[PDB]
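Student: One file is attached below, run.csv, containing CSV, C-alpha atoms and all ligand atoms.
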chain,number,residue,atom,x,y,z
N,1,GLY,CA,-18.3,-21.0,-30.5
N,2,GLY,CA,-20.4,-19.8,-27.6
N,3,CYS,CA,-19.6,-16.7,-25.5
N,4,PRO,CA,-18.8,-17.3,-21.8
N,5,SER,CA,-21.8,-16.6,-19.5
N,6,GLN,CA,-20.0,-13.7,-17.6
N,7,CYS,CA,-18.7,-11.9,-20.7
N,8,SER,CA,-20.0,-10.3,-23.9
N,9,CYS,CA,-18.7,-11.0,-27.4
N,10,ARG,CA,-18.6,-8.9,-30.6
N,11,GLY,CA,-16.7,-9.9,-33.7
N,12,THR,CA,-13.3,-11.2,-32.6
N,13,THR,CA,-13.5,-9.5,-29.2
N,14,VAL,CA,-14.4,-11.1,-25.9
N,15,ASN,CA,-15.3,-8.5,-23.2
N,16,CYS,CA,-14.8,-9.9,-19.7
N,17,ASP,CA,-13.7,-6.6,-18.1
N,18,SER,CA,-15.1,-5.0,-14.9
N,19,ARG,CA,-17.0,-8.2,-14.0
N,20,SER,CA,-15.7,-8.9,-10.4
N,21,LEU,CA,-14.0,-12.1,-11.7
N,22,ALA,CA,-11.5,-14.1,-9.7
N,23,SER,CA,-10.5,-16.3,-12.6
N,24,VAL,CA,-10.4,-16.4,-16.4
N,25,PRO,CA,-13.8,-17.8,-17.5
N,26,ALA,CA,-13.9,-21.3,-19.0
N,27,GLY,CA,-14.9,-21.9,-22.6
N,28,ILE,CA,-13.6,-18.8,-24.4
N,29,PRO,CA,-13.9,-19.7,-28.1
N,30,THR,CA,-10.5,-20.5,-29.6
N,31,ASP,CA,-10.8,-18.2,-32.7
N,32,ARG,CA,-11.2,-15.0,-30.7
N,33,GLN,CA,-8.6,-12.4,-31.0
N,34,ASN,CA,-9.1,-9.6,-28.4
N,35,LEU,CA,-9.6,-10.6,-24.8
N,36,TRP,CA,-10.3,-7.9,-22.1
N,37,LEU,CA,-9.9,-9.2,-18.5
N,38,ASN,CA,-9.0,-5.9,-17.0
N,39,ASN,CA,-10.6,-4.4,-13.9
N,40,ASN,CA,-11.3,-7.7,-12.1
N,41,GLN,CA,-10.0,-9.3,-8.9
N,42,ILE,CA,-7.9,-12.1,-10.4
N,43,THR,CA,-5.2,-12.9,-7.8
N,44,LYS,CA,-3.6,-15.9,-9.5
N,45,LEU,CA,-3.6,-17.3,-13.1
N,46,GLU,CA,-3.5,-21.1,-13.3
N,47,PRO,CA,-0.8,-22.5,-15.5
N,48,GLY,CA,-1.9,-23.0,-19.1
N,49,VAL,CA,-5.0,-20.7,-18.7
N,50,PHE,CA,-4.6,-19.2,-22.2
N,51,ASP,CA,-3.2,-22.2,-24.1
N,52,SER,CA,-6.1,-22.7,-26.5
N,53,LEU,CA,-6.3,-19.0,-27.6
N,54,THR,CA,-3.8,-19.3,-30.3
N,55,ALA,CA,-5.4,-16.5,-32.4
N,56,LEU,CA,-5.1,-13.8,-29.7
N,57,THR,CA,-3.6,-10.5,-30.9
N,58,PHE,CA,-4.7,-8.5,-27.8
N,59,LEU,CA,-4.7,-9.5,-24.2
N,60,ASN,CA,-5.4,-7.1,-21.3
N,61,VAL,CA,-5.1,-8.3,-17.7
N,62,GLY,CA,-4.4,-4.9,-16.2
N,63,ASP,CA,-6.0,-3.7,-12.9
N,64,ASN,CA,-6.1,-7.1,-11.2
N,65,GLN,CA,-4.3,-8.4,-8.1
N,66,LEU,CA,-1.7,-10.7,-9.7
N,67,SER,CA,1.6,-11.1,-7.9
N,68,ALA,CA,3.2,-13.6,-10.4
N,69,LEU,CA,2.7,-15.3,-13.7
N,70,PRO,CA,3.0,-19.0,-14.4
N,71,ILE,CA,6.0,-20.2,-16.4
N,72,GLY,CA,5.0,-20.4,-20.1
N,73,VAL,CA,1.6,-18.7,-19.7
N,74,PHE,CA,1.9,-16.8,-23.0
N,75,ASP,CA,3.9,-19.5,-24.9
N,76,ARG,CA,1.0,-20.5,-27.3
N,77,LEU,CA,0.1,-16.9,-28.1
N,78,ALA,CA,2.1,-16.6,-31.3
N,79,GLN,CA,0.0,-13.8,-32.8
N,80,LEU,CA,0.0,-11.6,-29.7
N,81,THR,CA,0.7,-7.9,-30.5
N,82,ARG,CA,-0.5,-6.1,-27.4
N,83,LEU,CA,-0.1,-7.4,-23.8
N,84,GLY,CA,-1.4,-5.3,-20.9
N,85,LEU,CA,-0.1,-6.2,-17.5
N,86,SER,CA,-0.3,-2.8,-15.8
N,87,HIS,CA,-1.8,-2.1,-12.4
N,88,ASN,CA,-1.1,-5.5,-10.8
N,89,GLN,CA,1.3,-6.3,-8.0
N,90,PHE,CA,3.9,-8.5,-9.8
N,91,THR,CA,7.0,-9.0,-7.7
N,92,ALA,CA,8.9,-10.8,-10.4
N,93,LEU,CA,8.4,-12.2,-13.9
N,94,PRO,CA,9.3,-15.8,-14.9
N,95,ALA,CA,12.4,-16.5,-16.9
N,96,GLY,CA,11.3,-16.9,-20.5
N,97,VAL,CA,7.8,-15.5,-20.2
N,98,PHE,CA,8.1,-13.3,-23.3
N,99,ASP,CA,10.3,-15.6,-25.4
N,100,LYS,CA,7.6,-16.8,-27.7
N,101,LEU,CA,6.0,-13.4,-28.6
N,102,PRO,CA,7.8,-12.4,-31.8
N,103,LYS,CA,4.9,-10.2,-33.0
N,104,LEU,CA,4.5,-8.2,-29.7
N,105,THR,CA,4.5,-4.5,-30.3
N,106,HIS,CA,3.2,-3.2,-27.0
N,107,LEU,CA,4.1,-4.5,-23.5
N,108,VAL,CA,2.5,-2.7,-20.6
N,109,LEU,CA,4.2,-3.4,-17.2
N,110,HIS,CA,3.8,-0.1,-15.4
N,111,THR,CA,2.4,0.2,-11.9
N,112,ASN,CA,3.6,-3.1,-10.4
N,113,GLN,CA,6.0,-4.2,-7.7
N,114,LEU,CA,8.9,-5.3,-10.0
N,115,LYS,CA,12.4,-5.0,-8.7
N,116,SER,CA,14.3,-6.1,-11.8
N,117,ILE,CA,13.7,-8.0,-15.1
N,118,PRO,CA,15.4,-11.4,-15.6
N,119,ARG,CA,18.5,-11.4,-17.9
N,120,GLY,CA,17.5,-11.8,-21.5
N,121,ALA,CA,13.8,-11.4,-20.9
N,122,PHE,CA,13.3,-9.2,-23.9
N,123,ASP,CA,15.8,-11.0,-26.3
N,124,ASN,CA,13.1,-12.3,-28.7
N,125,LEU,CA,10.8,-9.3,-28.7
N,126,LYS,CA,11.9,-8.2,-32.2
N,127,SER,CA,8.7,-6.3,-33.0
N,128,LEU,CA,8.5,-4.3,-29.7
N,129,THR,CA,7.8,-0.6,-30.3
N,130,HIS,CA,6.3,0.5,-26.9
N,131,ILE,CA,7.2,-0.8,-23.4
N,132,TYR,CA,5.9,0.8,-20.2
N,133,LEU,CA,8.0,0.3,-17.1
N,134,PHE,CA,7.3,3.3,-14.9
N,135,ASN,CA,5.9,3.2,-11.3
N,136,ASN,CA,7.9,0.1,-10.3
N,137,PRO,CA,10.2,-0.1,-7.3
N,138,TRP,CA,13.3,-1.0,-9.3
N,139,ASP,CA,16.1,-2.2,-7.0
N,140,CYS,CA,19.2,-0.4,-8.2
N,141,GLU,CA,21.6,-1.7,-5.6
N,142,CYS,CA,21.3,-5.3,-6.8
N,143,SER,CA,23.4,-6.3,-9.8
N,144,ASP,CA,20.3,-8.0,-11.4
N,145,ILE,CA,19.2,-4.4,-12.4
N,146,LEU,CA,22.0,-4.3,-15.0
N,147,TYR,CA,20.2,-6.1,-17.8
N,148,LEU,CA,17.3,-3.6,-17.6
N,149,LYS,CA,19.7,-0.7,-17.4
N,150,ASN,CA,21.6,-1.7,-20.5
N,151,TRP,CA,18.5,-2.6,-22.4
N,152,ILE,CA,16.7,0.7,-21.8
N,153,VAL,CA,19.8,2.7,-22.7
N,154,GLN,CA,20.2,0.7,-25.9
N,155,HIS,CA,16.5,1.0,-26.9
N,156,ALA,CA,15.6,4.3,-25.3
N,157,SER,CA,13.0,5.5,-27.8
N,158,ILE,CA,10.7,2.5,-27.1
N,159,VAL,CA,10.6,3.0,-23.3
N,160,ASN,CA,7.7,4.9,-21.9
N,161,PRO,CA,6.9,6.8,-25.1
N,162,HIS,CA,5.1,10.1,-24.8
N,163,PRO,CA,3.2,11.0,-22.8
N,164,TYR,CA,4.6,8.4,-20.3
N,165,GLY,CA,7.9,10.1,-19.5
N,166,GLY,CA,10.5,8.4,-21.6
N,167,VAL,CA,13.6,6.4,-20.5
N,168,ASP,CA,14.1,8.7,-17.5
N,169,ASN,CA,10.8,7.5,-16.0
N,170,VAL,CA,12.3,4.2,-15.0
N,171,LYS,CA,13.3,5.1,-11.5
N,172,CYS,CA,15.3,3.5,-8.7
N,173,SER,CA,13.4,2.8,-5.5
N,174,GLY,CA,14.4,5.1,-2.6
N,175,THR,CA,16.9,7.3,-4.4
N,176,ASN,CA,14.4,8.0,-7.2
N,177,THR,CA,17.3,8.5,-9.7
N,178,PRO,CA,17.1,7.1,-13.2
N,179,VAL,CA,17.8,3.4,-13.7
N,180,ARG,CA,19.6,4.2,-16.9
N,181,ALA,CA,22.4,6.0,-14.9
N,182,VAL,CA,23.2,3.1,-12.5
N,183,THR,CA,26.9,2.2,-12.5
N,184,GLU,CA,28.0,-1.4,-12.3
N,185,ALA,CA,30.3,-0.5,-9.3
N,186,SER,CA,27.3,0.8,-7.3
N,187,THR,CA,25.7,-2.6,-7.5
N,188,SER,CA,26.5,-5.9,-5.9
N,189,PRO,CA,25.1,-9.5,-6.1
N,190,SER,CA,25.0,-9.6,-2.3
N,191,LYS,CA,22.3,-7.0,-2.1
N,192,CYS,CA,19.7,-8.9,-4.1
N,201,MG,MG,16.5,-16.3,-22.0
Would you mind giving the structure from this file in structure tokens?
Ligand SMILES: [Mg+2]

Tutor:
Amino acid sequence: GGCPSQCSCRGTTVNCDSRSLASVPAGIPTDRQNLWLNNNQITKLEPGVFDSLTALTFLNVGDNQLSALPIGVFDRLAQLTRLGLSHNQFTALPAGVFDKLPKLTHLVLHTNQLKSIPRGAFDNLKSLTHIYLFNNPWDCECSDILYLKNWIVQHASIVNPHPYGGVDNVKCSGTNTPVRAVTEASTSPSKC
């Protein structure tokens, strides 16, 4: 039940933000619900890093230096409602990474290096009310963009809700035109 040496704990919250950390601290108590890991220098999460924190409802890992996530890294976080991943350098997300987050209402992916989202990545996010996708270099010439294009069109009111610019603030790299307007004929699997 003890609070990790580098962090401070209050109620169900574990505060590990702004602590110059390179890794998630060991020994976070398993009953804690809100975990702040933002504003550190975490460059890589090890697989399974969060597996014991089955009560988490809030997880913020924004403003770190992550380029990828391990397969399954959120799979045990059944209660998660808010997931902050902004201000990293993710170049891709793993297939299936959000499949086990049925209570997730907020997903913050803005300010990264994402070029597309894998087909079906949001299939099981049946509670999602806010997703932030702006400030990513979306690759609109590659046909892999078509899942995201069709998903944001369908669910326009949940994408970048005010004041974050709406569905139109999901922009193609280079041309800076809206992802929602990409035509299938303008894409190709050979430019991926
Ligand atoms: Mg799938």

Student: Pick out the residues no farther than 6 Å from ligand MG 201 (chain N), counting only C-alpha atoms and all ligand atoms, and list them as number ranges by chain.

Tutor: N: 96, 120-121

Student: Of the candidates N:66, N:107, N:117, N:92, which one gets nearest to residue N:44 if we count only C-alpha atoms?

Tutor: N:66

Student: Figure out the distance between atom CA of residue N:187 and atom CA of residue N:143, please, to one decimal in Å.

Tutor: 4.9 Å

Student: Applying 7 Å and all atoms listed in the file, which residues near residue N:56 remain after dropping the ones on its own chain fewer than 4 positions away? List them as JSON, numbers by chain.

Tutor: {"N": [32, 33, 34, 77, 79, 80]}

Student: Taking all atoms listed in the file into account, which of N:115, N:124, N:144, N:132 comes nearest residue N:172?

Tutor: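 Under the stated criterion, the closest residue is N:115.
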
Student: Residues at most 12 Å from residue N:185, counting all atoms listed in the file, excluding those fewer than 2 positions away in the same chain, as a VMD selection string?

Tutor: chain N and resid 140 to 143 146 181 to 183 187 to 189

Student: Got time to write the residues from that selection, C-alpha atoms, as a compact mmCIF listing (two decimals), in the coordinates of the input?

Tutor:
# COMPACT_ATOMS: atom_id res chain seq x y z
CA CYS N 140 19.20 -0.40 -8.20
CA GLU N 141 21.60 -1.70 -5.60
CA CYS N 142 21.30 -5.30 -6.80
CA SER N 143 23.40 -6.30 -9.80
CA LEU N 146 22.00 -4.30 -15.00
CA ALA N 181 22.40 6.00 -14.90
CA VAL N 182 23.20 3.10 -12.50
CA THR N 183 26.90 2.20 -12.50
CA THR N 187 25.70 -2.60 -7.50
CA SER N 188 26.50 -5.90 -5.90
CA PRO N 189 25.10 -9.50 -6.10

Student: Tell me, in Å to one decimal, how far atom CA of residue N:137 is from atom CA of residue N:110.

Tutor: 10.3 Å

Student: Tell me which of N:91, N:127, N:150, N:190 sits closest to residue N:113, counting only C-alpha atoms.

Tutor: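 Comparing N:91, N:127, N:150, N:190 against residue N:113, the winner is N:91.
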
Student: Quick one: stretch 33-48 of chain N with N, CA, C and O atoms, as a PDB file, in the first residue's frame?

Tutor:
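Written output follows (part.pdb):
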ATOM      1  N   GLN N  33      -6.308   4.719  -8.526  1.00  0.00           N
ATOM      2  CA  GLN N  33      -7.190   4.956  -9.661  1.00  0.00           C
ATOM      3  C   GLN N  33      -6.746   6.047 -10.625  1.00  0.00           C
ATOM      4  O   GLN N  33      -7.172   6.020 -11.784  1.00  0.00           O
ATOM      5  N   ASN N  34      -5.934   7.004 -10.197  1.00  0.00           N
ATOM      6  CA  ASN N  34      -5.501   8.080 -11.082  1.00  0.00           C
ATOM      7  C   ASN N  34      -3.987   8.142 -11.044  1.00  0.00           C
ATOM      8  O   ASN N  34      -3.400   8.289  -9.969  1.00  0.00           O
ATOM      9  N   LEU N  35      -3.354   8.007 -12.213  1.00  0.00           N
ATOM     10  CA  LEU N  35      -1.904   7.953 -12.296  1.00  0.00           C
ATOM     11  C   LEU N  35      -1.409   9.009 -13.271  1.00  0.00           C
ATOM     12  O   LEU N  35      -1.728   8.957 -14.469  1.00  0.00           O
ATOM     13  N   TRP N  36      -0.641   9.971 -12.751  1.00  0.00           N
ATOM     14  CA  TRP N  36      -0.074  11.066 -13.530  1.00  0.00           C
ATOM     15  C   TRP N  36       1.402  10.761 -13.756  1.00  0.00           C
ATOM     16  O   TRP N  36       2.197  10.770 -12.809  1.00  0.00           O
ATOM     17  N   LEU N  37       1.762  10.519 -15.016  1.00  0.00           N
ATOM     18  CA  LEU N  37       3.137  10.262 -15.411  1.00  0.00           C
ATOM     19  C   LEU N  37       3.603  11.276 -16.443  1.00  0.00           C
ATOM     20  O   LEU N  37       4.636  11.068 -17.107  1.00  0.00           O
ATOM     21  N   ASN N  38       2.857  12.363 -16.607  1.00  0.00           N
ATOM     22  CA  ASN N  38       3.111  13.337 -17.643  1.00  0.00           C
ATOM     23  C   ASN N  38       4.304  14.218 -17.286  1.00  0.00           C
ATOM     24  O   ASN N  38       4.698  14.339 -16.126  1.00  0.00           O
ATOM     25  N   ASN N  39       4.882  14.837 -18.312  1.00  0.00           N
ATOM     26  CA  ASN N  39       6.014  15.750 -18.142  1.00  0.00           C
ATOM     27  C   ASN N  39       7.228  15.044 -17.534  1.00  0.00           C
ATOM     28  O   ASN N  39       7.816  15.506 -16.555  1.00  0.00           O
ATOM     29  N   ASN N  40       7.588  13.900 -18.105  1.00  0.00           N
ATOM     30  CA  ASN N  40       8.796  13.194 -17.691  1.00  0.00           C
ATOM     31  C   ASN N  40       9.659  13.012 -18.936  1.00  0.00           C
ATOM     32  O   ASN N  40       9.480  13.698 -19.951  1.00  0.00           O
ATOM     33  N   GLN N  41      10.621  12.088 -18.884  1.00  0.00           N
ATOM     34  CA  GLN N  41      11.393  11.742 -20.085  1.00  0.00           C
ATOM     35  C   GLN N  41      11.377  10.242 -20.322  1.00  0.00           C
ATOM     36  O   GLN N  41      12.407   9.590 -20.524  1.00  0.00           O
ATOM     37  N   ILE N  42      10.183   9.672 -20.289  1.00  0.00           N
ATOM     38  CA  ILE N  42      10.014   8.249 -20.540  1.00  0.00           C
ATOM     39  C   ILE N  42      10.126   8.056 -22.049  1.00  0.00           C
ATOM     40  O   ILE N  42       9.367   8.656 -22.816  1.00  0.00           O
ATOM     41  N   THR N  43      11.113   7.267 -22.486  1.00  0.00           N
ATOM     42  CA  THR N  43      11.332   7.054 -23.910  1.00  0.00           C
ATOM     43  C   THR N  43      10.763   5.732 -24.405  1.00  0.00           C
ATOM     44  O   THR N  43      10.541   5.592 -25.611  1.00  0.00           O
ATOM     45  N   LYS N  44      10.496   4.792 -23.506  1.00  0.00           N
ATOM     46  CA  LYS N  44       9.999   3.475 -23.886  1.00  0.00           C
ATOM     47  C   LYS N  44       9.353   2.847 -22.656  1.00  0.00           C
ATOM     48  O   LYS N  44       9.958   2.839 -21.581  1.00  0.00           O
ATOM     49  N   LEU N  45       8.114   2.366 -22.803  1.00  0.00           N
ATOM     50  CA  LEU N  45       7.441   1.605 -21.767  1.00  0.00           C
ATOM     51  C   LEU N  45       7.738   0.124 -21.967  1.00  0.00           C
ATOM     52  O   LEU N  45       7.697  -0.374 -23.092  1.00  0.00           O
ATOM     53  N   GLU N  46       8.061  -0.581 -20.870  1.00  0.00           N
ATOM     54  CA  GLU N  46       8.267  -2.008 -21.046  1.00  0.00           C
ATOM     55  C   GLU N  46       6.919  -2.721 -21.145  1.00  0.00           C
ATOM     56  O   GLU N  46       5.909  -2.230 -20.628  1.00  0.00           O
ATOM     57  N   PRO N  47       6.860  -3.863 -21.832  1.00  0.00           N
ATOM     58  CA  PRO N  47       5.591  -4.593 -21.906  1.00  0.00           C
ATOM     59  C   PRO N  47       5.082  -4.954 -20.519  1.00  0.00           C
ATOM     60  O   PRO N  47       5.853  -5.282 -19.618  1.00  0.00           O
ATOM     61  N   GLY N  48       3.764  -4.860 -20.335  1.00  0.00           N
ATOM     62  CA  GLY N  48       3.180  -5.247 -19.060  1.00  0.00           C
ATOM     63  C   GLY N  48       3.329  -4.241 -17.938  1.00  0.00           C
ATOM     64  O   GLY N  48       2.922  -4.536 -16.815  1.00  0.00           O
TER      65      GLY N  48
END
